[PDB]
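Trainee: After the structure tokens below, expect a handful of questions from me.
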Amino acid sequence: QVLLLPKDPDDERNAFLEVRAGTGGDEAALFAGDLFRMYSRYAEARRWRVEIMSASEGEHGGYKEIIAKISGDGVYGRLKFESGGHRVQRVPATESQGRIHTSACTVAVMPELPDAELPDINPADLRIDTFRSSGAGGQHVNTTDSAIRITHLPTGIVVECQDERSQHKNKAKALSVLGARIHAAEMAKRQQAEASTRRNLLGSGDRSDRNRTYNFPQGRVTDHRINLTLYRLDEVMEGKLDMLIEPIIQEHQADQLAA
Amino acid sequence: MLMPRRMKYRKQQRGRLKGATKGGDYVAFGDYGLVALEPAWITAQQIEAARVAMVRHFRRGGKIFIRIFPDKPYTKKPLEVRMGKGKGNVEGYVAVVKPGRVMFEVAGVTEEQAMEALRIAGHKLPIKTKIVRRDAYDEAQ
Amino acid sequence: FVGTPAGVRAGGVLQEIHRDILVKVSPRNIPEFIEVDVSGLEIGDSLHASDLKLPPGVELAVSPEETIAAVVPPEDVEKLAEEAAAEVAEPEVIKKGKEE
Amino acid sequence: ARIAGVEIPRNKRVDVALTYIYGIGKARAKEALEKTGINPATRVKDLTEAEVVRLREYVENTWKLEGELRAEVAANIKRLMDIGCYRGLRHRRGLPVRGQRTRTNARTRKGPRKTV
RNA sequence: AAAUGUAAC
RNA sequence: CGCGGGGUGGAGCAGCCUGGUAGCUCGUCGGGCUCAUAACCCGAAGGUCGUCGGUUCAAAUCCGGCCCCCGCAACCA
Ligand SMILES: [Mg+2]
Ligand SMILES: [Mg+2]
Ligand SMILES: [Mg+2]
Ligand SMILES: [Mg+2]
Ligand SMILES: [Mg+2]
Ligand SMILES: [Mg+2]
Ligand SMILES: [Mg+2]
Ligand SMILES: [Mg+2]
Ligand SMILES: [Mg+2]
Ligand SMILES: [Mg+2]
Ligand SMILES: [Mg+2]
Ligand SMILES: [Mg+2]
Ligand SMILES: [Mg+2]
Ligand SMILES: [Mg+2]
Ligand SMILES: [Mg+2]
Ligand SMILES: [Mg+2]
Ligand SMILES: [Mg+2]
Ligand SMILES: [Mg+2]
Ligand SMILES: [Mg+2]
Ligand SMILES: [Mg+2]
Ligand SMILES: [Mg+2]
Ligand SMILES: [Mg+2]
């Protein structure tokens, strides 16, 4: 079946993996460490530079947060299906009865888009307004203009200063604060875009919701997206699993392809 | 762009622009040359704009020789200061060029290509220029 | 310079370093040229005055180490982008006095 | 360097002193002192130069000692390392060679513990 | 004169 | 744009002035106590001294140029 119709960017780029604890407390954080070890056992299984750049360990172990940069070819395309809540059903490390508690953890997967650092004050979009200042100074305030008042036409930010006497000392601070808002307003719209995206992938439903559940009683590793249940927790929650994501990747082609 | 990697002194007196060139007045590498018809301090900005003008015309191929080098620092006092308080800061570097110098040379390129590339490069320079081709007079030097 | 260098076929440029050569010879014996086979030159290979086949009665008057031709890489717009974004370190001033 | 390249301990019985030679152990000590007929209990300070050169001449010709012995053992290891056999590999990685366990121990070959 | 141990008998 | 103060392990500071040895606290790692965590105990690891230079036999240190950061100054019309 000609798998050669739909296009996608980002599939080959590099991805961030943000794994956090969810429902469960200290034992939930424990399983967040079990999940990361899996994405580190499997990222070695195709030779991918998995860097650790932020984490917060749990008291009894694991990771309350753990944020990683997984570099290589095809990183995001392989792992984009790991985003959501992964549920556990096991006997905790913090109980001597052997009663089973159902906890969950969360995983975020973001491809990096050639990041930032780019804009710098170019004149075609700046209308500069000059005129006379306002306040003390004598006959010089009256005569010499010296109050620079710039207007950034595309973004609308208008920072306007009169502090030093020369409009050119005033030109300096006017330019040096327009940038501090051209950068502030872009860094907002990008981190406002970083919280609207991340809030969806993790899903507040980290009690029990989206992706997978891992049975430690009978070993039923199941993905509720399709259905496929199996006993490969030994071979998956203790190593790689690049072949058991294939149906989640294959059933997601025929999801888009057949319609 | 072009500027010395290091120097003995940061700042240099302005000097003068008398006379025809001391040397560099004959084609020495390529097939065609761009000769300066009037004196000036040629900025590294102007040099590099002429260069980019030529490679972007050739698109791929040819060889350009830049025979002038901006080693002379250019000094300017900050805007709105008064006279005195020392010499201004170095803002750039220039190549002193006098009438008769071969500034650029091209090779590996057709005549019409060489004529056109050097013409466009002449438009990037603050002086009148003349296009020349290698001669026996040049080879005899 | 007889022949077309293979480097030229690959896009290069034949830099004709010497278009003549200095020679001791008799006036009755003056050749009109000296042929040079440059077709073997890649980017970037070079020929020297030692590689010159001299006709009878003519003697090389420069060091045979003297290079006479070279095939160089061509100008390329693809390099402009890296050259424009290439940052230059500001010139260092050579120290005088208790600094040197 | 009295015998045989090494200056054997004086004040000690000749049989024990001879063991301070690379290639001569206690076994070869009782051997050379018989075939030269020298009392094994006598001290090296009490040897006769007759007995010295007697013990010397025999010992330096019967067995390979010191430098030449070190040269062979190394070449024997140099060969195993070059022919690329399993015995060689262990010598190249400095790991135990006689089938010893390496999950623990192996410290004489591996050297003091490198922390992680 | 010495803290804590969540969440499925 | 002036003036004078700073950049030293992961974090925060000392070391300069009288040049040759980079130290303190927390932290990181390995081991113990405990049923387990903290705390506590034992041991260990960790620094281009912002750079580009060079003074000197020798620079974290002294002396210049640059890149950041901190405080002050910017008045009479
Ligand atoms: Mg958080
Ligand atoms: Mg007012
Ligand atoms: Mg007044
Ligand atoms: Mg006025
Ligand atoms: Mg002057
Ligand atoms: Mg000028
Ligand atoms: Mg000037
Ligand atoms: Mg003024
Ligand atoms: Mg004035
Ligand atoms: Mg002045
Ligand atoms: Mg000036
Ligand atoms: Mg300039
Ligand atoms: Mg000139
Ligand atoms: Mg012109
Ligand atoms: Mg000359
Ligand atoms: Mg021995
Ligand atoms: Mg202090
Ligand atoms: Mg300090
Ligand atoms: Mg510990
Ligand atoms: Mg400095
Ligand atoms: Mg030191
Ligand atoms: Mg006053």
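Trainee: Counting other Cβ atoms within 10 Å, keep those with at most 12, restrict to DSSP loop, and tell me which trypsin sites (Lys or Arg not before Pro) in segment D:1-30 are left.
Mentor: On the way: sites: D:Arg2, D:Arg10, D:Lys12, D:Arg13, D:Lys26, D:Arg28, D:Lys30; in loops: D:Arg2, D:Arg10, D:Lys12.
Sites meeting the loop and neighbour criteria: D:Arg10.
Trainee: I've got another one for you. When 1/r is averaged over all different Cα pairs and the result inverted, which Kirkwood radius in Å belongs to chain C?
Mentor: The answer is 17.0 Å.
Trainee: Still on this model: For peptide C:74-83, what's the mean number of Cβ atoms from other chains within 10 Å of each residue's Cβ?
Mentor: Per residue, the average neighbour count from other chains is 5.
Trainee: Have a look at A:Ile182, A:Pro217, A:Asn200 and report the one farthest towards the positive end of the charge dipole of the protein assembly as shown, computed about the Cα centre with Cβ charges (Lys/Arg +1, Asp/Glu -1).
Mentor: Final value for the positive-end residue is A:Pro217.
Trainee: Let me ask something additional. Over the Cα atoms of segment B:29-137, what Rg and Dmax result, in angstrom?
Mentor: That works out to 16.4, 55 Å for Rg and Dmax.
Trainee: Go through A:119-129, D:67-77 and give me the packing order, highest mean Cβ count within 10 Å leading. Could the numbers behind the result be given before it?
Mentor: Details: A:119-129: 10.3, D:67-77: 12.2.
The peptides rank, most packed first, as D:67-77, A:119-129.
Trainee: Can you tell me the FRET efficiency between A:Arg37 and D:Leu69 if r is taken as the Cβ-Cβ distance and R0 is 51 Å, rounded to the nearest 0.05?
Mentor: The calculated FRET efficiency here is 0.45.
Trainee: Enumerate the amide H contacts of A:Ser71 below 5 Å, restricted to partners 5 or more residues apart or on another chain; note that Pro and chain-start residues carry no placed amide H.
Mentor: Excluding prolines and chain starts, which carry no amide H, the hits are A:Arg49, A:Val50, A:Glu51.
Trainee: Rounded to the nearest 20 debye, what is the charge dipole size of chain C about its Cα centre when +1 sits on each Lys and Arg Cβ and -1 on each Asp and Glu Cβ?
Mentor: Result for chain C is approximately 560 debye, rounded to the nearest 20.
Trainee: Another one. Once amide H atoms are built 1.01 Å from N in the peptide plane, which residues 5 or more positions from A:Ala55, or in another chain, come under 5 Å H to H?
Mentor: It is A:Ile67, by chain and number.
Trainee: Over 26 Å between Cα atoms: which of B:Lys8/B:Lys87; B:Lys11/C:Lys79; B:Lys130/C:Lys24; B:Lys128/C:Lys79; A:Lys169/B:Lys72; B:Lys8/B:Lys63 fall into that group?
Mentor: From the list (B:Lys8/B:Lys87; B:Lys11/C:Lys79; B:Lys130/C:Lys24; B:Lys128/C:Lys79; A:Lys169/B:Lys72; B:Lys8/B:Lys63), the Cα-Cα distance tops 26 Å for B:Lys11/C:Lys79; B:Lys130/C:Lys24; B:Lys128/C:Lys79; A:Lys169/B:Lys72; B:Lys8/B:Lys63.
Trainee: While we're looking at this one, here's another question. Could you point to the residue in A:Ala116, A:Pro247, A:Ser56 farthest towards the positive end of chain A's charge dipole, with +1 and -1 charges on the Cβ of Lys/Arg and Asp/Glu respectively?
Mentor: Looking along the dipole axis, the top candidate is A:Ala116.
Trainee: Return a whole-number percent for the relative contact order of chain D, with Cα pairs under 8 Å and 6 or more residues apart as the contact set.
Mentor: Once divided by the residue count of chain D, the mean separation gives 19 percent.
Trainee: I would also like to ask the following. Taking 25 °C and 0.890 mPa s as the conditions, I'd like the Stokes-Einstein D for the protein assembly as shown in µm²/s, using the Kirkwood hydrodynamic radius from alpha carbon pairs.
Mentor: Calculated translational D: 68 µm²/s.
Trainee: Take peptide C:6-13, look around each residue's Cβ out to 10 angstrom, count Cβ atoms belonging to other protein chains, and average those counts.
Mentor: Averaged over the peptide's residues, the number is 2.
Trainee: About the Cα centre of chain A, what is the dipole size in debye to 20, counting +1 per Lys and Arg Cβ and -1 per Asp and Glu Cβ, all else neutral?
Mentor: Computed charge dipole of chain A: roughly 460 debye.
Trainee: On alpha-carbon atoms, Rg over Rh for chain D using Kirkwood Rh? All intermediate terms of the calculation are to be shown ahead of the outcome.
Mentor: Working: Rg = 19.4 Å, Rh = 16.8 Å.
Ratio of gyration radius to Kirkwood radius for chain D: 1.15.
Trainee: Then there is this: Would you work out the charge dipole size for the protein assembly as shown about its Cα centre, treating the Cβ of every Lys and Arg as +1 and the Cβ of every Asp and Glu as -1, and quote it to the nearest 20 debye?
Mentor: 2700
Trainee: How long are the three semi-axes of the equivalent ellipsoid for segment D:72-116, computed from the Cα gyration tensor as the root of 5 times each eigenvalue, in whole Å, largest first?
Mentor: 22, 11, 9
Trainee: Something else about it: Just going by the charge dipole of segment D:1-71, with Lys and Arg at +1 and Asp and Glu at -1 on Cβ, which of D:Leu69, D:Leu18, D:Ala4 is farthest out on the positive end?
Mentor: The one lying farthest along the dipole's positive direction is D:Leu18.
Trainee: Three principal axis extents, largest first, for the C-alpha atoms of segment B:86-141, in Å?
Mentor: Ordered largest first, segment B:86-141 gives principal extents of 50, 27, 20 Å.
Trainee: Further question: State the number of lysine pairs found in chain D whose Cα atoms come within less than 24 Å, restricting to pairs 8 or more positions apart or on distinct chains.
Mentor: Number of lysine pairs found: 14.
Trainee: Right, here's the next one. Can you tell me the 0 to 90 degree angle between the C-alpha axis of helix A:246-258 and the longest principal axis of chain A, rounded to 10?
Mentor: 70
Trainee: Would you grab the residues whose amide H sits under 5 Å from the one on A:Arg220? Only those 5+ places off in sequence or on another chain, please, with H modelled 1.01 Å from N.
Mentor: A:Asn215
Trainee: Let me ask you something else. How long, wide and thick is chain A, going by the Cα atoms along their three principal axes, in whole angstroms, largest first?
Mentor: Here the Cα extents, ordered largest to smallest, are 90, 53, 32 Å.
Trainee: Provide the packing ranking of A:32-43, C:55-66, A:225-236, i.e. peptides ordered by the mean count of other C-beta atoms within 10 Å per residue, highest first.
Mentor: Per-residue mean Cβ counts within 10 Å order the peptides as A:32-43, A:225-236, C:55-66.
Trainee: Additional query: Between segment A:33-58 and segment B:64-131, what is the separation of their alpha carbon centroids in Å?
Mentor: Using only Cα atoms, the two centres lie 56 Å from each other.
Trainee: May I pose another question? Around D:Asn11, with a cut-off of 11 angstrom between Cβ atoms, what is the net charge of the other residues, counting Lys and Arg +1 and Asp and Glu -1?
Mentor: Its environment carries a net charge of +4.
Note: ideal-geometry Cβ built from the backbone for every residue, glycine included; neighbour counts use all protein chains shown. Readers should treat all values here as calculations from the given coordinates under stated rules, not as data from a laboratory.
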